[PDB]
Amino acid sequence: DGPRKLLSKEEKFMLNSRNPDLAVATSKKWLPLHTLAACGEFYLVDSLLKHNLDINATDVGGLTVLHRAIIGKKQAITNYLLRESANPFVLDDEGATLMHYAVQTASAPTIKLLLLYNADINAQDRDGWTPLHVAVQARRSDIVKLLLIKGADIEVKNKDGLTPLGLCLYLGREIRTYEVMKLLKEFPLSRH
């Protein structure tokens, strides 16, 4: 139409192409699949994945499209990715699992979803932190409770020798911190 006349023959040929040239659209830091997922473009994510794309490809920091969908709480995209056999067991550059990320961002639906896909709820990163350690750090009683209900082990220690309760003792005396401590001390007793 208008601006199309401003294009060279080579550029017009690109515009009319039936398949994307993804090499142009990609860098080590910004992967088009990751970007589309991170900003919530579900239909476009699905379109890209219908071409020749590694669904498990990593950015310069070792994260996959699943990390990006999870961190941004893009729930439908996260479900879709797993449904399309994205690898749920990927680790980041410090040995943390997707569950660690789902917990940090306080996403109960993703936590549940990851468990259905056989996530180890007690997995430790390089520093020995479990998802429960992260939930405690977040002071999110709702998330802590969910993890406990789903069988998280309160006795797992990080490299400093701290259980999630132990970690709680260092977080600072404050109401939200007390509520988590109470959950941690009381929950095992509610098991018969």
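Numbering starts at 1 and follows the sequence shown.
Higher average CA B factor: 6 to 14, of the stretches 166 to 174 and 6 to 14.
Comparing 62 to 70 with 44 to 52, the stretch with the higher mean C-alpha B-factor in the PDB entry is 44 to 52. Residue-level inspection of the entry shows that, of 107, 97, 85, 78, 85 has the top Cα B-factor.
Based on the entry's C-alpha B-factors, the most elevated value among 131, 128, 32, 151 belongs to 151. When the modelled residues of the chain are ordered by C-alpha B-factor, residue 28 sits in the middle third. When the modelled residues of the chain are ordered by C-alpha B-factor, residue 159 sits in the highest third. Compared with the other modelled residues of the chain, the Cα B-factor recorded for residue 102 ranks in the lowest third.
Residue-level temperature factors show residue 116 in the highest third of its chain, judged at the C-alpha atom.
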